[PDB]
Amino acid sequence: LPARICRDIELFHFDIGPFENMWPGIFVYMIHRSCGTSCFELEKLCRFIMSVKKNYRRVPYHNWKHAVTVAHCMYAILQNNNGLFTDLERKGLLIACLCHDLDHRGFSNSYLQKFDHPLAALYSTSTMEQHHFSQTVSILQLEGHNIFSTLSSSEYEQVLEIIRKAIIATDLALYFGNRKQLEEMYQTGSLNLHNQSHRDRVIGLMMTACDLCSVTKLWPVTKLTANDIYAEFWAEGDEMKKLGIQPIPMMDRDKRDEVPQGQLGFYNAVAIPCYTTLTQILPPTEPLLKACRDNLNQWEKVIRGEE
């Protein structure tokens, strides 16, 4: 409802605030405005949302707040590209974002593998992401929760496949390959949005851009969210030491003073290329890239004192 939110939710750098009880209706507004008002049945969507929340954990960063925030980014990169994505893609992607870290425990796929976690045995590749999709499907199959019930069986299978690929694409390991393939398409002029295999890549890149979106907010938000990101990284580093393994410095709390250098690394190697390639394919997403560059600059001031 709020008027300040009705306005500021269109900004890419929107922050969803500290009131957890407002997040559901922020998400329903977004879906209403993106997809339609009669496209989802309110009462069923409302409980689907509540059940997703319940299945997210009280971790510092990969939590319910993150889930709604990634959804908001995707809303801003749907609103600003009217006519490029189908009604089905718009429904699936908003839901994929809300669901994409379901039951995340604050640990990377490497750590589950080195820990010999049961989930690893089950899903060899992209371990957590396969689990998230599996949990999404389980939420949908719960009675009263099939937000997709108004849909043909074929359209159902289609949206679940859109959701599946988008969730899987949040495995940052896949991004590097995806982005390389897209960058060659851009430059040879071979990218074809009429081609479904190419559309899959573009959505994958969109899922990355949205998942990383802490680095596109204004500096006070970005800096604060970074505290939560490192809180998980350090906890994982502690768990790695407990296994008998020196963690990379990124995850070693004893190397906390190198966070600024760490951020230079991440922005140059990951974030700037991600949002550059995104901007090349979808020019209206330029504000994401601009904010990312501003944030890189801030990390650059921090290294030399200025902050």
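Position 1 is the first residue in the sequence shown; the rest follow in order.
Between 82-90 and 207-215, it is 82-90 that carries the larger average Cα temperature factor according to the deposited entry. Higher mean CA B-factor, judged across 22-30 and 259-267 from the recorded values: 22-30. Looking only at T225, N109, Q158, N192, the residue with the top Cα B factor in the deposited structure is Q158. Comparing C-alpha B-factors across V68, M251, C35, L278 in the deposited entry, the largest value falls on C35.
In the PDB entry, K44 places in the highest third of its chain by CA B-factor. Looking at the C-alpha B-factors along this chain, the one for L243 belongs to the middle third. For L174, the recorded CA B-factor ranks within the lowest third of the chain. Only modelled residues enter the ranking.
In this PDB entry, the Cα temperature factor of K165 sits in the middle third of its chain's modelled residues. The deposited CA B-factor of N63 belongs to the lowest third of values across its chain.
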